[PDB]
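Below you'll find the structure, written out as structure tokens, and then a few comments.
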Amino acid sequence: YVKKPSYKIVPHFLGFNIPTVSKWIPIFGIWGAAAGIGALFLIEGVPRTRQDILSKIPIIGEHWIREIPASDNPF
Amino acid sequence: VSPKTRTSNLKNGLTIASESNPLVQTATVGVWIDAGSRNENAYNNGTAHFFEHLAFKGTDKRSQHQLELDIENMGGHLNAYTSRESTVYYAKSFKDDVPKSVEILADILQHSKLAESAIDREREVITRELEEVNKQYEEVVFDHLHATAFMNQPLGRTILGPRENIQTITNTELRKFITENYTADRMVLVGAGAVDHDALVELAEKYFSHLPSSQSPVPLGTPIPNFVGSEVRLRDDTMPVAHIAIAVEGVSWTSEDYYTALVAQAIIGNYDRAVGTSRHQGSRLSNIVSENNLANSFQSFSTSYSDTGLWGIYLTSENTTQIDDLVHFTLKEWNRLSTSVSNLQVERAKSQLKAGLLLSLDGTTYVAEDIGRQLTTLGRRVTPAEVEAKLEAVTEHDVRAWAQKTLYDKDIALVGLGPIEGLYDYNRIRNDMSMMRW
Amino acid sequence: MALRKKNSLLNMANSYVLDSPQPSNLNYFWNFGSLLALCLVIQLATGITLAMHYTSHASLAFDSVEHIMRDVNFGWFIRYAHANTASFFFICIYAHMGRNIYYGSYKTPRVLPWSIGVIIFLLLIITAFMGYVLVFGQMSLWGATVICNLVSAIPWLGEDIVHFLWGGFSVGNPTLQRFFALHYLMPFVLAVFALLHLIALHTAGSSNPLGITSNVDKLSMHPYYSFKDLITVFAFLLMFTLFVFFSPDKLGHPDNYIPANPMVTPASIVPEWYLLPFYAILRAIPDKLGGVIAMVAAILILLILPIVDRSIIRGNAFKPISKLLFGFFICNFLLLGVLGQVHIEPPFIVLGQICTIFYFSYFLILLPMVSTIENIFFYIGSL
Amino acid sequence: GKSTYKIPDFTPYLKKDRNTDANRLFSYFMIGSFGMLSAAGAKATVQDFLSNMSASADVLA
Amino acid sequence: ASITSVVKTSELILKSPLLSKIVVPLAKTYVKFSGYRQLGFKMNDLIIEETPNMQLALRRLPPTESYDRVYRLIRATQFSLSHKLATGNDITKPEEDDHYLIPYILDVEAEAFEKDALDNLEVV
Amino acid sequence: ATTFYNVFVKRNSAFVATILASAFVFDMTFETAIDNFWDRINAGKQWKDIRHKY
Ligand code: HEM
Ligand code: HEM
Ligand SMILES: CCCCCCCCCCCCO[C@@H]1O[C@H](CO)[C@@H](O[C@H]2O[C@H](CO)[C@@H](O)[C@H](O)[C@H]2O)[C@H](O)[C@H]1O
Ligand SMILES: CCCCCCCCCCCCO[C@@H]1O[C@H](CO)[C@@H](O[C@H]2O[C@H](CO)[C@@H](O)[C@H](O)[C@H]2O)[C@H](O)[C@H]1O
């Protein structure tokens with residue numbers, strides 16, 4: 001015979017609990033990747049982005065190493 | 001621990017299945033048949049339902065009046081129903097009136113007159129039934145739901161059949177239907193309550209031994225449905241209550257996801273404003289709906305057939321300016337079966353179901369219906385121990401995986417009846433089947 | 001049905017200026033909203049007129065402002081009205097914000113008008129800063145230089161962003177021309193946000209000085225608050241008149257009458273008076289990036305008042321300890337202002353740091369503590 | 001013409017493989033391509049347009 | 001803060017003899033300087049009401065308490081706009097400063113908080 | 001197809017990430033392709049074609 005139902009209250013805050021939030025952790029990860037890719041894409045034209053980030057990527061990075069010949073540059 | 005369901009066969013292949021209860025004084029015996037409207041084609045659609053009327057219209061021995069008297073004298077009653085995949089004919093009686101009832105059932109099934117005069121008489125009665133179902137809104141909604149979900153397929157047909165067929169059904173096609181379909185290998189004689197199994201097997205050998213066997217005996221509960229995402233709108237501004245059903249393709253009786261679908265259905269659950277406890281239920285949808293007065297009721301369902309099913313929800317509402325909110329919040333709760341459910345909801349639903357599946361069987365007719373349904377869909381009665389084990393095997397991962405393949409971003413079949421101006425078009429409803437934030 | 005209610009356009013005006021149901025007990029601190037609308041209308045009228053005579057090119061800008069003063073009919077008035085109304089705009093906005101903080105206007109259900117309000121305040125700062133550069137006097141140039149160099153603190157990209165803002169390697173013609181275009185635009189953006197915060201307010205209505213509901217006792221906006229607003233309009237116009245006609249340069253810096261000279265640096269480069277408290281906060285933190293963060297946080301921290309105020313009662317009218325704390329907070333804000341324009345010398349360096357700590361500790365420590373204790377005193381004290 | 005359970009004819013439009021993942025995936029490939037060109041077009045537009053604010057040729061000279 | 005919080009913390013203080021000995025006199029002075037009684041208010045008339053919980057508590061007031069609260073709010077509003085204080089019988093005497101609303105809001109909140117807890121139960 | 005759907009399409013976070021990554025690739029490859037095509041149809045005409053004389 002069972003006298004009482006068997007349960008606990010899990011910690012919660014603002015209607016979030018750890019079981020639920022843990023299911024969304026990977027989704028935040030992907031959104032963060034999406035935001036990272038998008039941000040980097042937006043500033044791909046910025047020279048510093050090319051100099052510091054994009055030109056350092058292996059294989060692909062030579063796409064961003066481009067020199068104007070000194071003969072063709074007024075400045 | 002309930003008594004064991006005993007099962008025997010005859011030579012023709014008729015199954016006898018019984019569950020005795022020495023605490024009751026009544027018994028329900030009857031014949032469950034693995035046959036229904038789905039076995040008709042387009043030309044004889046309505047035959048199975050037509051037969052159910054004629055079964056009680058007189059046999060080769062007893063006339064219509066004699067039949068009436070014989071049952072009256074027994075003291076209990078007889079009942080029948082035809083569905084898409086199943087026909088049932090049963091008799092509730094006293095303990096010692098069971099041999100009479102088996103004999104009457106055997107008579108009306110095997111030896112019915114189907115006299116042209118009676119065909120012609122019922123042809124009007126059934127024609128009048130076409131114009132009076134119109135009132136049973138839940139049935140109107142579910143019949144349109146099957147018609148659209150399984151558009152132009154046998155499961156999509158109604159049980160009554162078209163008006164045209166009712167006028168052209170002959171005794172020939174009635175006889176042909178019951179000769180092809182009501183065979184011994186598709187039939188189960190079921191007894192529940194104050195029945196002895198060995199007594200029932202003897203009565204089966206006496207009355208149902210000269211039943212035809214089919215040429216190719218497949219196992220009981222043997223069947224391709226192609227679900228159509230679609231909508232039927234039956235707007236009627238004069239009705240005060242809107243009735244809405246939304247469903248996706250669900251699971252068959254023998255699916256491996258059968259229990260996962262039941263658990264998911266229990267997470268959403270039911271609600272009825274007229275019941276006192278419903279404002280305190282644990283279900284999230286129940287809380288949203290009750291707090292905001294969005295609906296008078298909702299009922300989640302998971303209907304199974306041999307080779308498909310429909311899983312969804314039926315809603316009723318007087319709140320005609322917030323139908324959009326009601327539908328929006330319902331589908332956002334479905335989204336959470338894919339994105340958010342954890343062990344918290346899953347374990348709660350399993351608790352509720354472990355009892356629910358046993359609670360349902362609270363009378364001899366319910367027990368008989370359970371034995372008959374299980375024997376004609378699965379080929380066996382599944383013991384409560386096995387059912388408890390299959391429920392326990394459902395994890396939160398199973399629910400999420402099932403919802404992601406069955407609900408998430410899937411087409412729905414949608415039926416709306418009544419003041420449904422506020423129900424948005426198909427796209428806006430179907431766009432709620434996914435969440436852009438996930 | 002009356003036309004003012006039936007016609008959808010008229011009914012929008014009606015809902016805000018005529019039938020709008022107001023509490024019957026708003027005091028004179030509820031008049032700063034209409035004074036702010038007045039300042040905005042004066043700035044639009046005078047600003048668009050100055051734009052008809054001003055030239056944004058760095059070779060002509062300072063002289064176009066002298067041409068306005070000397071040759072354009074009533075140009076002196078339009079120029080001084082525009083320059084002084086910029087200061088009055090900030091006096092009214094500080095009064096309106098102080099009203100909101102004292103009376104708990106930021107509490108539910110008015111979080112949204114308050115939060116959009118914080119953005120209005122940021123847009124006003126940007127608008128006023130860009131307009132001050134347009135004169136292209138010494139303070140214009142050197143203030144633009146030092147304020148725009150704070151962006152250099154943004155890690156990695158900060159220097160690049162500054163050159164991008166300037167359109168070159170220092171503040172010059174490109175910067176002046178873009179500041180003119182943006183200074184013209186920003187007041188229209190500010191007017192849209194001002195309208196948004198009013199629409200957001202309209203769901204709860206105005207709060208009132210007692211902090212209770214006014215749903216029990218409403219008065220139409222017109223004629224009662226229309227006529228009560230006229231009193232403060234004329235009081236404002238009297239102050240306006242005394243500055244614009246009798247002391248037009250009291251609120252300004254003489255160095256802005258010297259043409260911008262990138263070589264000579266002025267003795268002291270200070271922002272206009274209304275930005276001084278934020279400048280003092282920035283000086284308090286020794287780190288460049290630290291200082292910029294603190295300075296921005298000093299404004300954005302207003303967004304947390306709805307959370308850190310733990311009171312079960314709205315506003316300070318009945319809370320003696322909260323009233324004392326509010327008094328100290330306001331006076332500290334004025335002292336920070338003064339410290340923003342002193343020289344970086346002892347003992348003002350340390351004093352500026354203490355005042356900065358007090359500024360932040362109001363939001364983070366004192367208001368949450370005091371509001372907690374007062375809740376308990378109301379309960380125990382009235383048992 | 002009278003029964004509402006007889007669904008009107010949709011055979012001219014219905015796809016046989018309507019419930020398949022391949023069917024959905026194709027439509028999302030179209031939506032995705034459109035989203036991709038809109039992202040690439042927005043990026044190009046924003047970058048070229050905002051570059052007006054960087055030092056002009058006469059300033060760099 | 002919730003009324004529940006305020007009431008529980010106050011009860012902790014009132015239990016401790018030391019704490020009550022030092023807090024109760026301060027709270028009484030605070031209330032006197034607060035001066036809401038001089039506008040004929042009771043303490044509970046000041047509690048923020050624009051909240052689902054508080055709107056529900058106010059709907060559960062007995063009609064008499066509700067009609068009297070409406071009058072005190074209107075009367076206080078008229079003192080506020082006139083820049084006057086209550087005199088005579090309009091001043092709330094300490095014995096009239098009853099916590100008429102506290103029991104209703106504590107019941108509303110009890111259910112609200114139990115619902116939050118039970119929404120987070122984990123079958124063991 | 002199911003696999004592809006499940007990985008790249010089902011979650012909108014994954015779908016948007018895939019769209020943005022593809023936009024990045026498209027942008028870089030399209031630039032290079034147009035540059036080469038432009039140079040072929042205008043061969044001998046551009047400064048880069050005559051630069052070597054000077
Ligand atoms: C919120 C609104 C505004 C504020 C706070 C504001 C503020 C300022 C400030 C502080 C100055 C420096 C004044 C000086 O010392 O000489 C200024 C100058 C100027 N403003 Fe505005 N302004 C506003 C709206 C406008 C608008 C809408 C225009 C329309 C173009 C405009 C056009 C100008 C012009 C042309 C100048 C330079 C001439 C001068 O200094 O007087 N302003 N503004
Ligand atoms: C252009 C600047 C602004 C204008 C023209 C403006 C105008 C107004 C007006 C007309 C009202 C209603 C009447 C009143 O209470 O005074 C009001 C209310 C309010 N404003 Fe502003 N405002 C401005 C800036 C701000 C700022 C910077 C904030 C906040 C930081 C703010 C927050 C609010 C709040 C919370 C209210 C509601 C106060 C209440 O009635 O209790 N506003 N505003
Ligand atoms: C202050 C500047 C004066 C111009 C007014 C501002 C222009 C923008 C206002 C329109 C934004 C919509 O604003 C919205 O309008 C409708 C009707 O007009 C108001 O509706 C309100 O008034 C009408 C009758 O007057 C009632 O039917 C309604 O019950 C009530 O809520 C809303 O309370 C207001 O939030
Ligand atoms: C929120 C968005 C994030 C910030 C936005 C970034 C603003 C500025 C980014 C880069 C702007 C300049 O970035 C630069 O853009 C121009 C195109 O416009 C490119 O220039 C390229 O195309 C142009 C014409 O299209 C040619 O004249 C040039 O010879 C060639 O190199 C540079 O390769 C890139 O370095």
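Just so we're on the same page: first chain in the structure tokens is A, next is B, and so on; residues restart at 1 for each chain, and ligands are numbered from 1 in the order they show up.
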message: Set the distance at 8 Å and use only C-alpha atoms: which residues neighbour residue 69 in chain E once local chain neighbours fewer than 4 positions away are removed? I'd like the list as a ChimeraX atom specification.
response: /E:45,65,73
field: Test item: residues at most 10 Å from residue 206 in chain C, only C-alpha atoms, excluding those fewer than 5 positions along its chain, as a PyMOL selection string
entry: chain C and resi 21-23+26+30+105+110+198+201+213-214
I need the residues from that last selection saved to file as an mmCIF file, in the first residue's frame (with N, CA and C atoms), if you can.
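Dumped everything to out-v3.cif:
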```cif
data_model
loop_
_atom_site.group_PDB
_atom_site.id
_atom_site.type_symbol
_atom_site.label_atom_id
_atom_site.label_comp_id
_atom_site.auth_asym_id
_atom_site.auth_seq_id
_atom_site.Cartn_x
_atom_site.Cartn_y
_atom_site.Cartn_z
ATOM 1 N N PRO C 21 -8.445 60.244 -20.530
ATOM 2 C CA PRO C 21 -8.750 60.319 -19.101
ATOM 3 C C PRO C 21 -7.500 60.416 -18.232
ATOM 4 N N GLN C 22 -7.392 61.491 -17.459
ATOM 5 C CA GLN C 22 -6.218 61.734 -16.649
ATOM 6 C C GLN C 22 -6.601 61.641 -15.181
ATOM 7 N N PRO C 23 -5.636 61.349 -14.299
ATOM 8 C CA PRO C 23 -5.884 61.437 -12.861
ATOM 9 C C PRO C 23 -6.260 62.883 -12.550
ATOM 10 N N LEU C 26 -2.824 65.357 -10.799
ATOM 11 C CA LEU C 26 -1.444 65.545 -11.237
ATOM 12 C C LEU C 26 -0.934 66.883 -10.720
ATOM 13 N N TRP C 30 3.995 67.075 -13.483
ATOM 14 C CA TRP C 30 3.464 66.393 -14.650
ATOM 15 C C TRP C 30 3.430 67.356 -15.833
ATOM 16 N N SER C 105 7.322 56.008 -11.656
ATOM 17 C CA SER C 105 6.724 55.861 -12.975
ATOM 18 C C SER C 105 7.376 54.725 -13.749
ATOM 19 N N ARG C 110 4.265 50.317 -16.153
ATOM 20 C CA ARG C 110 4.798 51.331 -17.046
ATOM 21 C C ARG C 110 6.266 51.085 -17.372
ATOM 22 N N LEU C 198 4.565 57.499 -25.603
ATOM 23 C CA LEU C 198 3.213 57.888 -25.204
ATOM 24 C C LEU C 198 2.171 56.834 -25.534
ATOM 25 N N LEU C 201 2.410 54.304 -22.997
ATOM 26 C CA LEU C 201 1.824 54.728 -21.733
ATOM 27 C C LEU C 201 0.300 54.617 -21.750
ATOM 28 N N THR C 213 -4.280 53.870 -7.988
ATOM 29 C CA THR C 213 -5.040 53.890 -9.226
ATOM 30 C C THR C 213 -5.789 55.214 -9.356
ATOM 31 N N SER C 214 -5.957 55.682 -10.590
ATOM 32 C CA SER C 214 -6.820 56.823 -10.805
ATOM 33 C C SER C 214 -8.095 56.376 -11.512
#
```
Compile a residue-level contact table for range 131-225 of chain C against range 42-54 of chain A at a cut-off of 10 Å, reporting for every qualifying residue the shortest atom pair and its distance in Å to one decimal, with only C-alpha atoms counted, rows ordered by chain and ascending number, as a tab-separated table.
```
residue	atom	partner	partner_atom	distance
C:156	CA	A:48	CA	8.6
C:157	CA	A:48	CA	7.7
C:160	CA	A:48	CA	8.3
```
Writing out the chosen residues with C-alpha atoms as a short mmCIF file (atom, residue, chain, number, x, y, z; two decimals), in the first residue's frame:
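As written to disk, out_24.cif reads:
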```
data_model
loop_
_atom_site.label_atom_id
_atom_site.label_comp_id
_atom_site.auth_asym_id
_atom_site.auth_seq_id
_atom_site.Cartn_x
_atom_site.Cartn_y
_atom_site.Cartn_z
CA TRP C 156 40.16 45.21 -32.11
CA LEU C 157 38.05 47.41 -34.40
CA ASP C 160 38.93 51.58 -37.69
#
```
- prompt: What residues in chain F lie within 12 Å of chain B, counting only C-alpha atoms, written as JSON, numbers by chain?
  reply: {"F": [2, 3, 5, 6, 9, 10, 11, 12, 13, 14, 15, 16, 17]}
- request: Please identify every polymer residue within 9 Å of ligand 2, using only C-alpha atoms and all ligand atoms, and present the set as a ChimeraX atom specification.
  value: /C:26,29-40,89,92-94,96-101,103-107,110-122,124,187,190-191,193-195,197-198,201,205-209,211,302-303
- request: Determine which residues of chain F sit within 6 Å of chain D, taking into account only C-alpha atoms, and present them as a PyMOL selection string.
  value: chain F and resi 1-2+19+23
Test item: residues lying within 12 Å of ligand 4 with only C-alpha atoms and all ligand atoms, as a tab-separated table (two decimals) with C-alpha atoms, in the first residue's frame:
```tsv
chain	number	residue	atom	x	y	z
A	35	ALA	CA	25.28	34.83	-35.43
A	38	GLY	CA	26.62	36.24	-40.06
A	39	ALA	CA	28.67	38.83	-38.17
A	40	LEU	CA	31.91	37.73	-39.80
A	41	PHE	CA	30.23	37.76	-43.20
A	42	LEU	CA	29.03	41.34	-42.60
A	43	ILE	CA	32.56	42.57	-41.92
A	44	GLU	CA	34.34	40.43	-44.49
A	45	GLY	CA	35.04	43.60	-46.47
A	46	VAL	CA	36.71	45.34	-43.52
A	47	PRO	CA	40.51	45.16	-44.20
A	48	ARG	CA	41.37	44.25	-40.62
A	49	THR	CA	38.97	41.28	-40.73
A	50	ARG	CA	40.87	39.98	-43.77
A	51	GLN	CA	44.31	40.77	-42.32
A	63	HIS	CA	41.48	34.39	-51.31
A	64	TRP	CA	42.01	37.45	-49.07
A	65	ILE	CA	45.71	38.06	-49.76
A	66	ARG	CA	45.54	40.52	-52.64
A	67	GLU	CA	48.09	43.25	-53.45
A	68	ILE	CA	47.59	46.21	-55.76
A	72	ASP	CA	48.59	51.02	-60.31
A	73	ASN	CA	48.30	52.68	-56.93
C	157	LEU	CA	38.05	47.41	-34.40
C	160	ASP	CA	38.93	51.58	-37.69
C	161	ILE	CA	35.50	52.62	-36.42
C	163	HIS	CA	38.28	56.67	-38.93
C	164	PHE	CA	35.06	55.47	-40.41
C	165	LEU	CA	33.00	57.92	-38.32
C	167	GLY	CA	35.53	59.96	-42.82
D	42	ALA	CA	21.97	42.41	-48.46
D	43	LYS	CA	25.60	41.96	-47.49
D	44	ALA	CA	26.82	43.36	-50.84
D	45	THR	CA	24.34	46.21	-50.69
D	46	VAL	CA	25.20	47.20	-47.14
D	47	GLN	CA	28.96	46.93	-47.66
D	48	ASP	CA	29.06	48.94	-50.89
D	49	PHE	CA	26.61	51.51	-49.64
D	50	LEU	CA	28.17	52.12	-46.22
D	51	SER	CA	31.65	52.41	-47.71
D	52	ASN	CA	30.58	55.93	-48.81
D	53	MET	CA	31.39	56.93	-45.25
D	54	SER	CA	35.00	55.79	-45.39
D	55	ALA	CA	37.62	58.36	-46.53
D	56	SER	CA	36.93	59.53	-50.06
D	57	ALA	CA	39.60	59.46	-52.77
F	27	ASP	CA	29.61	35.66	-52.30
F	28	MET	CA	33.29	34.66	-52.46
F	31	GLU	CA	33.12	37.36	-57.04
F	32	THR	CA	35.93	35.26	-58.42
F	34	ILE	CA	32.53	37.23	-62.41
F	35	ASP	CA	36.02	38.75	-62.24
```
task: Report as a PyMOL selection string which protein, DNA and RNA residues come within 8 Å of ligand 1, using only C-alpha atoms and all ligand atoms.
output: chain C and resi 39-40+43-55+65+78-80+82-87+89+124-125+127-135+180-181+183-188+190+252+256
Keeping only N, CA and C atoms, write those residues as a tab-separated table (two decimals), in the first residue's frame.
```
chain	number	residue	atom	x	y	z
C	39	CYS	N	9.81	72.24	-26.30
C	39	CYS	CA	11.21	72.36	-26.69
C	39	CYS	C	11.43	71.68	-28.03
C	40	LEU	N	10.83	70.51	-28.22
C	40	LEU	CA	11.04	69.81	-29.47
C	40	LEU	C	10.48	70.63	-30.63
C	43	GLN	N	12.88	73.56	-31.30
C	43	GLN	CA	14.11	73.09	-31.93
C	43	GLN	C	13.81	72.72	-33.38
C	44	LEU	N	12.65	72.14	-33.66
C	44	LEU	CA	12.41	71.85	-35.07
C	44	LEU	C	12.25	73.14	-35.87
C	45	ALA	N	11.46	74.09	-35.37
C	45	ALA	CA	11.25	75.32	-36.12
C	45	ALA	C	12.56	76.09	-36.24
C	46	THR	N	13.29	76.30	-35.14
C	46	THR	CA	14.50	77.10	-35.27
C	46	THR	C	15.56	76.32	-36.04
C	47	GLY	N	15.62	75.00	-35.85
C	47	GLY	CA	16.65	74.19	-36.48
C	47	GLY	C	16.47	74.18	-38.00
C	48	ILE	N	15.24	74.02	-38.46
C	48	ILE	CA	15.03	73.97	-39.90
C	48	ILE	C	15.33	75.34	-40.50
C	49	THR	N	14.98	76.39	-39.78
C	49	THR	CA	15.31	77.72	-40.25
C	49	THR	C	16.82	77.92	-40.28
C	50	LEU	N	17.57	77.52	-39.25
C	50	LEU	CA	19.01	77.70	-39.33
C	50	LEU	C	19.58	76.92	-40.51
C	51	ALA	N	19.05	75.72	-40.77
C	51	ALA	CA	19.48	74.94	-41.91
C	51	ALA	C	19.31	75.73	-43.21
C	52	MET	N	18.39	76.69	-43.30
C	52	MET	CA	18.23	77.44	-44.55
C	52	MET	C	19.37	78.43	-44.76
C	53	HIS	N	20.22	78.66	-43.75
C	53	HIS	CA	21.20	79.73	-43.85
C	53	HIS	C	22.57	79.20	-43.51
C	54	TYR	N	22.65	77.93	-43.10
C	54	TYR	CA	23.91	77.42	-42.58
C	54	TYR	C	24.64	76.68	-43.70
C	55	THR	N	25.97	76.68	-43.71
C	55	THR	CA	26.64	75.88	-44.72
C	55	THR	C	27.49	74.84	-44.02
C	65	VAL	N	27.60	80.76	-39.57
C	65	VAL	CA	26.94	81.06	-38.32
C	65	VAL	C	27.10	82.54	-37.98
C	78	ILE	N	17.01	83.55	-33.81
C	78	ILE	CA	16.81	82.16	-34.18
C	78	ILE	C	18.01	81.36	-33.70
C	79	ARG	N	19.20	81.91	-33.85
C	79	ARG	CA	20.36	81.20	-33.37
C	79	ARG	C	20.34	81.07	-31.85
C	80	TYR	N	20.09	82.16	-31.12
C	80	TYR	CA	20.15	82.05	-29.67
C	80	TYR	C	19.01	81.21	-29.12
C	82	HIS	N	17.76	78.63	-30.61
C	82	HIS	CA	18.11	77.24	-30.84
C	82	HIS	C	19.15	76.80	-29.82
C	83	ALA	N	20.16	77.63	-29.56
C	83	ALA	CA	21.24	77.27	-28.65
C	83	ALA	C	20.75	77.17	-27.21
C	84	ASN	N	19.89	78.10	-26.75
C	84	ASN	CA	19.43	78.10	-25.37
C	84	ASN	C	18.36	77.03	-25.13
C	85	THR	N	17.50	76.83	-26.12
C	85	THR	CA	16.50	75.78	-26.01
C	85	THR	C	17.19	74.42	-25.90
C	86	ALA	N	18.36	74.23	-26.51
C	86	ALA	CA	19.04	72.97	-26.25
C	86	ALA	C	19.30	72.78	-24.75
C	87	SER	N	19.73	73.81	-24.01
C	87	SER	CA	19.90	73.68	-22.57
C	87	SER	C	18.56	73.47	-21.85
C	89	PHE	N	15.91	72.10	-22.97
C	89	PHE	CA	15.50	70.75	-23.26
C	89	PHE	C	16.10	69.82	-22.21
C	124	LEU	N	18.66	62.12	-27.44
C	124	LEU	CA	18.79	63.55	-27.24
C	124	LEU	C	20.27	63.90	-27.05
C	125	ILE	N	21.01	63.06	-26.34
C	125	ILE	CA	22.42	63.32	-26.12
C	125	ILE	C	23.15	63.34	-27.46
C	127	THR	N	21.91	63.82	-30.48
C	127	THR	CA	21.46	64.95	-31.26
C	127	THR	C	22.21	66.19	-30.81
C	128	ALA	N	22.26	66.44	-29.50
C	128	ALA	CA	22.80	67.70	-29.02
C	128	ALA	C	24.30	67.73	-29.25
C	129	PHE	N	24.97	66.59	-29.13
C	129	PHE	CA	26.41	66.58	-29.33
C	129	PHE	C	26.75	66.93	-30.77
C	130	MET	N	26.03	66.34	-31.73
C	130	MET	CA	26.31	66.61	-33.13
C	130	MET	C	25.97	68.05	-33.47
C	131	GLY	N	24.94	68.60	-32.85
C	131	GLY	CA	24.58	69.95	-33.23
C	131	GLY	C	25.66	70.91	-32.74
C	132	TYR	N	26.25	70.62	-31.58
C	132	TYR	CA	27.27	71.51	-31.07
C	132	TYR	C	28.50	71.54	-31.97
C	133	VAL	N	28.82	70.44	-32.63
C	133	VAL	CA	29.97	70.41	-33.51
C	133	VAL	C	29.74	71.33	-34.71
C	134	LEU	N	28.49	71.61	-35.09
C	134	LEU	CA	28.23	72.27	-36.36
C	134	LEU	C	28.77	73.69	-36.40
C	135	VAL	N	28.97	74.30	-35.23
C	135	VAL	CA	29.46	75.66	-35.19
C	135	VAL	C	30.88	75.69	-35.74
C	180	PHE	N	26.10	67.29	-39.89
C	180	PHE	CA	24.95	68.09	-40.24
C	180	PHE	C	23.79	67.21	-40.68
C	181	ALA	N	24.05	66.24	-41.56
C	181	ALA	CA	22.97	65.40	-42.06
C	181	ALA	C	22.33	64.64	-40.90
C	183	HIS	N	22.46	65.41	-37.63
C	183	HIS	CA	21.82	66.31	-36.69
C	183	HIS	C	20.45	66.72	-37.20
C	184	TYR	N	20.28	66.84	-38.52
C	184	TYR	CA	18.97	67.14	-39.06
C	184	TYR	C	18.05	65.94	-38.86
C	185	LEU	N	18.56	64.72	-39.03
C	185	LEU	CA	17.70	63.54	-38.98
C	185	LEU	C	17.27	63.18	-37.56
C	186	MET	N	18.22	63.19	-36.62
C	186	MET	CA	18.02	62.62	-35.30
C	186	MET	C	16.80	63.19	-34.57
C	187	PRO	N	16.49	64.50	-34.62
C	187	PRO	CA	15.25	65.01	-34.02
C	187	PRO	C	13.98	64.37	-34.57
C	188	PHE	N	13.97	63.92	-35.82
C	188	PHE	CA	12.78	63.24	-36.33
C	188	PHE	C	12.69	61.85	-35.73
C	190	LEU	N	13.84	61.10	-32.82
C	190	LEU	CA	13.52	61.38	-31.43
C	190	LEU	C	12.02	61.62	-31.30
C	252	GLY	N	26.96	79.34	-22.54
C	252	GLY	CA	27.94	78.88	-23.51
C	252	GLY	C	29.39	79.07	-23.06
C	256	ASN	N	34.00	78.86	-28.14
C	256	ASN	CA	33.30	78.49	-29.36
C	256	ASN	C	33.11	79.70	-30.26
```
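Within 10 Å of chain B, and counting only C-alpha atoms, chain E contributes residues 115, 118, 119, 120, 121, 122, 123 and 124 of chain E.
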Keeping only N, CA and C atoms, take the residues you just selected and write them out as a compact mmCIF listing (two decimals), in the first residue's frame.
```txt
# COMPACT_ATOMS: atom_id res chain seq x y z
N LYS E 115 1.15 26.60 -7.69
CA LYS E 115 1.04 26.21 -9.08
C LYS E 115 2.42 26.21 -9.72
N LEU E 118 4.31 23.15 -8.51
CA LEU E 118 3.80 21.87 -8.95
C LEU E 118 4.03 21.68 -10.45
N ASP E 119 4.21 22.79 -11.18
CA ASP E 119 4.60 22.79 -12.58
C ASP E 119 6.02 22.24 -12.76
N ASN E 120 6.76 22.13 -11.66
CA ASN E 120 8.15 21.70 -11.68
C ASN E 120 8.30 20.44 -10.84
N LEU E 121 7.23 19.65 -10.71
CA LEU E 121 7.44 18.43 -9.95
C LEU E 121 8.10 17.36 -10.81
N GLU E 122 8.86 16.50 -10.13
CA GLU E 122 9.58 15.41 -10.75
C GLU E 122 9.18 14.14 -10.02
N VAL E 123 8.52 13.24 -10.75
CA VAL E 123 8.14 11.95 -10.21
C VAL E 123 9.42 11.23 -9.79
N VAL E 124 9.42 10.70 -8.57
CA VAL E 124 10.59 10.02 -8.06
C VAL E 124 10.41 8.50 -8.20
```
task: Taking only C-alpha atoms and all ligand atoms into account, report as number ranges by chain which residues have an atom no farther than 7 Å from an atom of ligand 3.
output: C: 5, 8, 11-17, 19, 195, 199, 202-203
task: Name the residues of range 134-377 of chain C that come out as alpha helix (DSSP H) in a backbone DSSP run; write them as a VMD selection string.
output: chain C and resid 138 to 148 158 to 166 173 to 201 221 to 241 276 to 284 288 to 300 305 to 308 320 to 339 348 to 361 367 to 377
